[PDB]
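Inspection log for the structure reproduced underneath, given as structure tokens.
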Amino acid sequence: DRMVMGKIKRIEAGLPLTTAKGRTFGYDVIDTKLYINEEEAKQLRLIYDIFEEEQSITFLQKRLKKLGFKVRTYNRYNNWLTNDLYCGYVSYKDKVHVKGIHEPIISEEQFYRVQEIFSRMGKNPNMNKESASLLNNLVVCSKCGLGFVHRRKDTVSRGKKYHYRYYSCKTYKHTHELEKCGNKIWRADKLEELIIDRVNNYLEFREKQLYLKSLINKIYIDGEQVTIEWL
DNA sequence: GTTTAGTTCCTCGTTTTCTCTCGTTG
DNA sequence: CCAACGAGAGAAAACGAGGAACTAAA
Ligand SMILES: [Zn+2]
């Protein structure tokens, strides 16, 4: 309206639209202009580094707590890790970007590497949960178009306790929303072993998990056929 | 004996929703 | 001085792959 005139004016001048204390972490504000704060800037470089390693905010919080840092709120770290203010840009409505006059803290190369970690995260729901299967979001139903889901079935039969794992199309799981498509339900241990052998011809657990997401796009299953779509 | 499926009701990192406040320019 | 918008904070709610325990067939 009439007050958008004032906010666009600062962007053309390379100035930030956020100068409030507590909302400009890593920067001191002097006469409405930003200047690095060595105490807080050192944490940001430390935060960006660890997030690349852990590729998770919660894992980032837990490691920072072991370094004496006070753990901020979750959304606090996400905003910090996705705000291009720290590689030297000022933006109106997060879609009109201009290089600011302030000194950046994070390299422009590192910033976008982080952004691809979040991008990959969004395409893989629950990938950072303790229970995420080895192939959490990699298996797709050929006959069905829907994604397979890991399933852990344990039973007590005649006193003895058994434990079994499976990968089944989501149609077998959500019976209130989806009709079964007649696609095979594979033993988890048998399919995982099959994927391993094939990946070999082309580390801890979560190291495996992520290593697969980097060199496989999606895995297709058509009955007994496993066709890996390499990335 | 050993497996393969169903159903109910929880797990929790992540995402999204929705107020509250700050403060610069008009 | 002052109002008003965009933006960061942030508690709550919603997400969704995956679980725990129990059951009956295969
Ligand atoms: Zn299907």
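Using unit Cβ charges (K, R positive; D, E negative) and no other charged atoms, how large, in debye to the nearest 20, is the dipole of chain A about its Cα centre? Intermediate values should be presented prior to the final figure.
Numbers: 42 positive and 30 negative charges, 236 e Å.
Charge dipole of chain A: 1140 debye, to the nearest 20.
Tell me, A:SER56, A:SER107, A:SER131 in order of fewest to most beta-carbon neighbours within 10 Å?
Exposure proxy ranking, most exposed first: A:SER131, A:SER107, A:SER56.
List, in order, the whole-Hz ³J(HN,Hα) value for each residue of region A:171-181 obtained from phi through the Karplus relation with A = 6.51, B = -1.76, C = 1.60 and θ = phi - 60°; use x for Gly and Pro.
Result, ordered by residue: 5, 6, 7, 7, 7, 7, 10, 10, 8, 3, 10 Hz.
For n ≥ 4 DSSP H runs only, could you compute -39500 (n - 2.57) per run for chain A, divide by its residues and tell me the 222 nm figure to the nearest 500?
After summing the helix terms and dividing by the residues of chain A, the value is -11500 deg cm²/dmol.
Whose amide H sits under 5 Å from the amide H of A:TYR27, counting only residues 5 or more places off or on another chain, with H placed in the peptide plane?
Hits under the 5 Å cutoff: A:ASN37.
Can you compute 3J(HN,Hα) from phi for each residue in region A:78-95, using the Karplus curve 6.51 cos²θ - 1.76 cosθ + 1.60 with θ = phi - 60°, rounded to whole Hz and x for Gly and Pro?
Couplings: 4, 4, 4, 7, 10, 8, 5, 4, 7, 9, x, 10, 10, 9, 9, 6, 6, 8 Hz.
Quick one: if the Förster radius is 35 Å, what FRET efficiency do A:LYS143 and A:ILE196 give, using the C-beta to C-beta distance and rounding to 0.05?
0.90
Once amide H atoms are built 1.01 Å from N in the peptide plane, which residues 5 or more positions from A:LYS184, or in another chain, come under 5 Å H to H?
Amide H neighbours of A:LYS184, under 5 Å, 5+ apart: A:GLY223.
Whole angstrom only: what separates the Cα centroid of region A:72-95 from the Cα centroid of region A:165-231?
Comparing the Cα centres of region A:72-95 and region A:165-231, I get a distance of 35 Å.
If you plug each phi of region A:7-18 into the Karplus form 6.51 cos²θ - 1.76 cosθ + 1.60 with θ = phi - 60°, what whole-Hz ³J(HN,Hα) values come out, in order, with x for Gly and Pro?
So the J values, rounded to whole Hz, are 7, 5, 5, 5, 5, 4, 8, x, 9, x, 8, 9.
Name the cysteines of chain A that stand alone by the Cβ rule: no other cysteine Cβ under 4.7 angstrom.
Flagged as lacking a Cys partner: A:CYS87.
Based on the mean of other beta carbon atoms within 10 Å per residue, what is the order of A:16-24, A:88-96, most packed first?
On the way: A:16-24: 12.1, A:88-96: 14.2.
Order by mean packing, descending: A:88-96, A:16-24.
All other residues with a Cβ under 11 Å from the Cβ of A:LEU17 taken together, and with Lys, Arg as +1 and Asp, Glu as -1, what is their net charge?
+4
Tell me, what is the FRET efficiency for A:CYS181 and A:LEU215 to the nearest 0.05, using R0 = 25 angstrom and their Cβ-Cβ distance as r? Intermediate values should be presented prior to the final figure.
On the way: r = 28 Å, r/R0 = 1.12.
My answer for the efficiency is 0.35.
Amide H of A:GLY147: which non-local residues (sequence gap of 5 or more, or other chain) have their own amide H closer than 5 Å, using H built in the peptide plane?
So A:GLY147 has HN proximity to A:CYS141, A:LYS170.
Which of the listed residues, A:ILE11, A:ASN83, A:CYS144, is farthest toward the dipole's positive end in chain A, when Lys, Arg count +1 and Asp, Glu count -1 at the beta-carbon?
A:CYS144
Arranged by the count of other C-beta atoms within 10 angstrom, fewest first, what order do A:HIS150, A:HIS102, A:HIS176, A:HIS97 take? Provide the component values of the computation, followed by the final result.
Numbers: A:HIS150 17, A:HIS102 20, A:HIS176 4, A:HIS97 12.
In increasing order of surrounding Cβ atoms, one gets A:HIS176, A:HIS97, A:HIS150, A:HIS102.
Distance in nm between label sites at A:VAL156 and A:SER119, each 7 Å beyond Cα in the beta-carbon direction?
Result: 5.0 nm between the two label points.
Would you mind ranking A:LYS190, A:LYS208, A:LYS66 by Cβ crowding within 10 Å, fewest neighbours first? Intermediate values should be presented prior to the final figure.
On the way: A:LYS190 11, A:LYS208 14, A:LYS66 8.
In order of increasing Cβ crowding within 10 Å: A:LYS66, A:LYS190, A:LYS208.
Positions of Cβ are backbone-derived with ideal geometry, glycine not excepted, and every protein chain shown enters the neighbour counts. No lab work stands behind these numbers, since they all come straight from the coordinates.
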